[PDB]
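Since the structure comes first, as structure tokens, the remarks are kept for the end.
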Amino acid sequence: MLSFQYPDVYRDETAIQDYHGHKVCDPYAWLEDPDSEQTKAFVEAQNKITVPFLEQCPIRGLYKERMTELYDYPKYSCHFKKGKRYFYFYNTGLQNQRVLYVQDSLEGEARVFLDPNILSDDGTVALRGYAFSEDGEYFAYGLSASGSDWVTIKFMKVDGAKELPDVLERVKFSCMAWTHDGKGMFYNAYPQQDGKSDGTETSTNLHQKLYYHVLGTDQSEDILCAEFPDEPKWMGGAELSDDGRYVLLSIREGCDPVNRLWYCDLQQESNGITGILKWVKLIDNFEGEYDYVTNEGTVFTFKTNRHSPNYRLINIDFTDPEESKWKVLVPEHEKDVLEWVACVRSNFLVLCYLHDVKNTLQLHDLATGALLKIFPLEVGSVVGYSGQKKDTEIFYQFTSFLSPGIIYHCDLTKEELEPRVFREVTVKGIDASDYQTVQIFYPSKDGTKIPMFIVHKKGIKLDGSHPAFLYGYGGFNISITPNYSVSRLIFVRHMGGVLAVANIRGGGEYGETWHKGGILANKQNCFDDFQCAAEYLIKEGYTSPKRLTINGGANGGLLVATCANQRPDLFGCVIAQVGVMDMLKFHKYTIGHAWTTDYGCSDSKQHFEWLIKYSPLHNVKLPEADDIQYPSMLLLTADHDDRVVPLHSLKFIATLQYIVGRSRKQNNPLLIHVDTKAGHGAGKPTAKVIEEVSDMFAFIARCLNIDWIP
Amino acid sequence: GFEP
């Protein structure tokens with residue numbers, strides 16, 4: 001079955017580092033330099049064996065064709081109003097990038113406002129972030145090339161969609177917030193660094209600053225408004241209060257849902273914005289999240305997790321700011337996570353809750369917090385919303401496993417608040433009625449009950465005969481909720497597959513306690529939860545080890561790679577996308593320093609001892625038993641993934657191929673594909689998305705020998 | 723959004 005040879009890869013046996021007395025050899029450390037001839041040759045040789053492997057069987061072509069057909073459906077974002085105009089994003093079906101449209105009224109003819117597709121041949125220039133001026137007459141937008149986190153901000157006058165000369169460089173992980181006087185916009189930039197800043201570099205990102213750009217000037221004239229030179233990892237994002245009176249500064253360090261909150265009454269500036277603002281340090285620690293919802297004069301409504309792991313709404317009066325004085329507007333729910341809150345039509349609050357990994361949406365009174373209206377939803381997720389304080393209507397977008405979903409509209413000026421379907425699209429070829437979604441709760445090793453969604457064709461016999469695709473993430477307070485995936489439904493329909501999503505600890509599904517259950521000393525909980533999910537699917541007859549594929553990306557790539565090391569006997573196939581593989585060195589590169597709040601840092605003896613136990617790069621080991629080998633493994637990364645630098649996957653695949661791949665009993669392939677002009681994934685053009693899923697399921701089909709079902 |  002394996003008709004290729006793994007490439008020659010030099011081992012630097014002298015590359016030995018001492019971590020608190022524990023010696024670690026890193027023979028592929030040289031793969032950390034993306035620019036070397038050695039690394040470039042390594043990538044070329046690896047792609048040279050992977051691509052022919054993926055493309056040998058006609059299944060790739062059948063899948064690609066079906067994906068191209070089925071993914072070709074109209075894709076809309078919610079309408080949103082800015083000034084006197086409406087905007088929405090729309091893809092006719094197969095455009096590489098969705099297009100931003102404008103209309104002068106809801107019944108008015110729409111026209112193209114911003115079309116990213118004309119910015120490159122291959123759709124690899126993508127919108128990343130945008131902000132309209134308060135009056136809706138000016139527009140700032142970020143552009144990222146080749147999938148990099150790096151942004152260039154450009155500007156337009158909305159009337160006539162006129163290009164303006166303003167260009168902002170060195171923007172990354174940035175806010176965009178216009179002052180309501182329409183003079184300029186806050187944003188973040190990083191200082192100059194040696195070498196490249198295009199997404200191919202690994203340089204750590206420190207000393208992010210907050211600037212104010214006056215429209216009509218050169219970037220070099222921009223005002224420095226906040227900086228933290230004594231705290232190089234701090235990141236301060238600005239937003240304007242709804243009345244335009246205050247700049248709110250949310251300072252973060254790491255990835256925990258916490259922030260400092262400082263404010264600036266702009267009217268108290270001595271002569272407008274001219275330098276470091278007169279910041280008032282309302283919350284000056286990282287003990288809780290304070291997410292601005294709205295204010296009425298000095299009374300500020302925040303979504304918080306302070307003493308409230310499932311989140312709640314509090315009012316803090318800037319004139320009486322001590323914690324003991326804060327008012328609880330909407331108390332914490334016992335179990336349901338308050339995901340997000342928006343203020344609309346002056347005195348309404350839109351609250352979105354997560355109840356057992358499904359969304360609900362409710363309208364509350366701002367003055368009392370009292371529930372006023374429940375917006376009815378089927379089982380699934382709210383993935384889009386519009387309606388700001390001055391707006392008198394909302395739009396919201398619902399999606400689920402089995403249908404692309406619906407945009408709803410609700411006119412909030414009406415006495416009876418009845419939502420109506422505004423836009424709905426169905427995909428011909430995938431009849432939702434043929435499939436079912438079930439939710440179960442399985443006990444993990446320590447007895448903790450974990451949610452899992454299972455999607456499958458109705459009427460299947462649970463005889464262990466079905467191929468299964470089990471997805472997980474498990475970290476960073478991210479909740480993995482139902483979403484429409486054409487690519488996964490093709491696996492079900494055309495490969496006879498069962499889909500599963502395990503809501504393992506580390507995620508946000510049951511609030512901050514769920515998140516804390518899968519981080520730091522307890523990261524092993526994630527891997528245990530995920531392995532127990534696999535065991536559930538097997539025990540209950542959905543699948544069998546040899547027919548089971550697991551998949552995850554980034555922190556999810558770490559998840560599946562670790563599970564391959566820990567329980568190789570459990571899985572037939574592993575697809576790890578853009579994964580964090582070197583847990584000892586992740587903090588050294590680009591923004592990886594931010595992830596130590598979930599993982600710890602190997603600089604600490606205590607943390608090193610957690611990390612060394614599960615680090616994928618450091619736990620590649622031949623299975624003891626003669627009858628057990630590693631699952632088939634495919635690593636996917638890209639050369640501009642500056643979120644998770646590709647060296648992670650490069651070093652990991654060299655290690656897999658050397659330790660496991662050289663062994664006689666290993667007949668399952670261990671492969672990497674490194675894409676070009678792509679990065680971590682956000683903004684990836686449609687054409688590349690299609691290639692990627694075609695690669696993924698062709699890999700599964702070849703390794704598990706699955707026949708296409710027409 | 724700077725999580726992995």
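As you go down the protein sequences, you meet chains A and B in turn. Using the deposited numbering, you'd call the opening residue of the first sequence number 1 and step up by one each time. Using the deposited numbering, you'd call the opening residue of the second sequence number 723 and step up by one each time. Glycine included, C-beta positions come from ideal geometry on N, C-alpha and C.
- Item | Span separating the alpha-carbon of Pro-376 of chain A from that of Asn-359 of chain A | Along the first sequence, read from residue 1 onward, the residue named residue 376 of chain A stands at position 376. Along the first sequence, read from residue 1 onward, the residue named residue 359 of chain A stands at position 359. Rounded to the nearest angstrom, the two C-alpha atoms are 10 Å apart.
- Item | Which residues DSSP lists as bridging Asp-365 of chain A, in chain order | As a working note, residue 365 of chain A is residue 365 in the first sequence. A:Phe-348, per the DSSP bridge assignment.
- Message: Tell me the rounded alpha-carbon separation between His-673 of chain A and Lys-64 of chain A.
- Response: Here the question's residue 673 of chain A lines up with position 673 in the first sequence. Here the question's residue 64 of chain A lines up with position 64 in the first sequence. In a straight line, the C-alpha of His-673 of chain A is about 17 Å away from that of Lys-64 of chain A.
- Taking the alpha carbon of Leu-548 of chain A as the point to measure from, which residue in A:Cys-573, A:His-640 and A:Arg-662 has its own alpha carbon closest? Mapped onto the first sequence, residue 548 of chain A falls at position 548. Ranking A:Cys-573, A:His-640 and A:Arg-662 by Cα distance to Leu-548 of chain A puts A:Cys-573 first.
- Task: Would you tell me roughly how many angstroms separate the C-alpha atoms of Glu-221 of chain A and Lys-172 of chain A, rounded to the nearest one?
- Result: Residue mapping note: residue 221 of chain A aligns to position 221 of the first sequence, counting from 1. Residue mapping note: residue 172 of chain A aligns to position 172 of the first sequence, counting from 1. Taking the straight line from one Cα to the other gives about 19 Å.
- chain B contacts from the stretch 583-597 of chain A (Cβ-Cβ distance under 7 Å): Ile-591, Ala-594 and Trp-595
- Grab me the residues of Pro-451 of chain A's own chain with a C-beta within less than 7 Å of its C-beta, minus the 5 sequence neighbours each way, in chain order. Numbered from its first residue, the first sequence carries residue 451 of chain A at position 451. So the list reads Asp-356, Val-357, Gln-439, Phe-441, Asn-503 and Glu-509, once near-sequence residues are dropped.
- Cβ-based neighbour list, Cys-78 of chain A, same chain, cut-off 6 Å, excluding 5 preceding and 5 following: As a position in the first sequence, residue 78 of chain A is number 78, starting the count at 1. For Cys-78 of chain A, where only same-chain residues beyond five positions count, the Cβ hits under 6 Å are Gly-384, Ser-386, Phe-395, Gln-397 and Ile-407.
- Mind the definition here: the stretch 663-677 of chain A touches the stretch 605-616 of chain A only if three or more C-beta pairs lie below 8 Å; say whether that holds. no
- Item | Beta-carbon neighbours of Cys-255 of chain A, restricted to chain B and to distances below 8 Å | Locating residue 255 of chain A in the first sequence gives position 255, counting from the first residue. Here the neighbours are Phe-724 and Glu-725.
- Task: Look up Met-452 of chain A in the DSSP assignment and say whether it is helix, strand or coil.
- Result: Here residue 452 of chain A refers to the residue found at position 452 when the first sequence is read from its first residue. Here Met-452 of chain A sits in strand by DSSP.
- Message: Please report the distance separating the alpha-carbon of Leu-570 of chain A from that of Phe-724 of chain B.
- Response: Position 570 of the first sequence, counted from the first residue, corresponds to residue 570 of chain A. Position 2 of the second sequence, counted from the first residue, corresponds to residue 724 of chain B. Using only the alpha carbons, I get a separation of about 32 Å.
- Could you pull the start and end residues of the alpha helix (DSSP H) that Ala-41 of chain A belongs to? Here residue 41 of chain A refers to the residue found at position 41 when the first sequence is read from its first residue. Its alpha helix (DSSP H) spans residues 37-55.
- Task: Could you please give the first and the last residue of the uninterrupted beta strand (DSSP E) stretch that includes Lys-209 of chain A?
- Result: Numbered from 1 along the first sequence, position 209 holds the residue referred to as residue 209 of chain A. Run containing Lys-209 of chain A: 209-214, per the beta strand (DSSP E) assignment.
- Item | Beta-carbon proximity list for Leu-412 of chain A, same chain, < 7 Å, skipping 5 on both sides | As a working mapping, residue 412 of chain A is identified with position 412 in the first sequence. So the list reads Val-344, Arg-345, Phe-348, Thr-392, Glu-393 and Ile-394, once near-sequence residues are dropped.
- Message: Quick test of your reading: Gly-195 of chain A and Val-214 of chain A, contact by CB under 8 Å. State the CB separation rounded to the nearest angstrom.
- Response: Position 195 of the first sequence, counting from 1, holds the residue named residue 195 of chain A. Position 214 of the first sequence, counting from 1, holds the residue named residue 214 of chain A. Not really, about 30 Å apart at Cβ, beyond 8 Å.
- Is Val-258 of chain A close to chain D, meaning its C-beta is less than 8 Å from at least one C-beta of that chain? Of the protein chains in the structure, A and B, none is chain D.
- Message: With H, G and I counted as helix, E and B as strand and the rest as coil, what does DSSP make of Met-67 of chain A?
- Response: Numbered from 1 along the first sequence, position 67 holds the residue referred to as residue 67 of chain A. It is helical.
- Item | Within the stretch 558-586 of chain A, ranges of the beta strand (DSSP E) (whole runs, at least 3 residues) | 573-577
- Item | DSSP bridge partner residues for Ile-480 of chain A (one or two, in chain order) | Taking the first residue of the first sequence as position 1, residue 480 of chain A is located at position 480. Answer is none; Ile-480 of chain A lacks a bridge partner.
- Message: According to DSSP, is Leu-650 of chain A part of a helix, a strand, or is it coil?
- Response: Position 650 of the first sequence holds residue 650 of chain A. Correct three-state label for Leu-650 of chain A: helix.
- Shorter than 8 Å from the beta carbon of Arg-85 of chain A to some beta carbon of chain B? Working through the first sequence from its first residue, we reach residue 85 of chain A at position 85. No, its Cβ sits nowhere closer than 8 Å to a Cβ of chain B.
- Message: Is the beta carbon of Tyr-630 of chain A closer than 8 Å to that of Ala-564 of chain A?
- Response: If you number the first sequence from 1, residue 564 of chain A lands on position 564. If you number the first sequence from 1, residue 630 of chain A lands on position 630. Yes, the Cβ-Cβ distance between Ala-564 of chain A and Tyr-630 of chain A is below 8 Å.
- Item | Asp-230 of chain A (DSSP reduced to helix, strand or coil) | The sequence position of residue 230 of chain A within the first sequence is 230, counting from 1. Three-state result, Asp-230 of chain A: coil.
- Message: Applying the 10 Å Cβ sphere with the 16-neighbour rule, what's the burial state of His-515 of chain A?
- Response: Counting from one through the first sequence, the residue named residue 515 of chain A turns up at place 515. Under this definition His-515 of chain A is a buried residue.
- Please name the residue in A:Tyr-6, A:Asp-33 and A:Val-9 whose C-alpha comes closest to that of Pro-646 of chain A. Indexing the first sequence from 1 puts residue 646 of chain A at position 646. For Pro-646 of chain A, the nearest C-alpha among the options comes from A:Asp-33.
- How about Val-247 of chain A and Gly-288 of chain A: are their beta carbons less than 8 Å apart? Against the first sequence, residue 247 of chain A aligns to sequence position 247. Against the first sequence, residue 288 of chain A aligns to sequence position 288. Contact flag unset, no.
- Task: Provide the residue span of the alpha helix (DSSP H) that contains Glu-692 of chain A, from first to last.
- Result: Here residue 692 of chain A is taken as the residue at index 692 of the first sequence, counted from 1. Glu-692 of chain A -> alpha helix (DSSP H) spans 686-704.
- Along the alpha helix (DSSP H) that carries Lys-157 of chain A, what are the first and last residues, could you check? Position 157 of the first sequence, counted from the first residue, corresponds to residue 157 of chain A. Note, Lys-157 of chain A: premise wrong, no alpha helix (DSSP H); beta strand (DSSP E) at 151-157.
- Query: Does the pairing of the stretch 466-483 of chain A with the stretch 672-691 of chain A give three or more beta-carbon distances under 8 Å?
  - Reply: no
- Where are the beta strand (DSSP E) runs, 3 residues long or more, that stay fully inside the stretch 222-306 of chain A, in chain order? 223-226, 235-240, 246-252, 260-265, 280-283, 290-296 and 299-304
- Query: alpha helix (DSSP H) containing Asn-315 of chain A: first to last residue?
  - Reply: If you number the first sequence from 1, residue 315 of chain A lands on position 315. No alpha helix (DSSP H) holds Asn-315 of chain A; the beta strand (DSSP E) holding it covers 312-317.
- Query: So does the stretch 675-683 of chain A actually touch the stretch 634-643 of chain A, counting three or more Cβ pairs closer than 8 Å?
  - Reply: yes
- Query: What is the rounded straight-line gap between the Cα of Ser-465 of chain A and the Cα of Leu-537 of chain A?
  - Reply: Walking along the first sequence from the start, residue 465 of chain A turns up at place 465. Walking along the first sequence from the start, residue 537 of chain A turns up at place 537. About 11 Å.
- Output the boundary residues of the alpha helix (DSSP H) element that contains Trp-514 of chain A. Within the first sequence, numbered from 1, the residue matching residue 514 of chain A stands at position 514. First-last of the alpha helix (DSSP H) with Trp-514 of chain A: 511-516.
- Going by CA-CA distance only, name the one from A:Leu-277, A:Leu-261 and A:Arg-260 that's closest to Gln-267 of chain A. Here residue 267 of chain A is taken as the residue at index 267 of the first sequence, counted from 1. The option with the nearest alpha carbon to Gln-267 of chain A is A:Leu-277.
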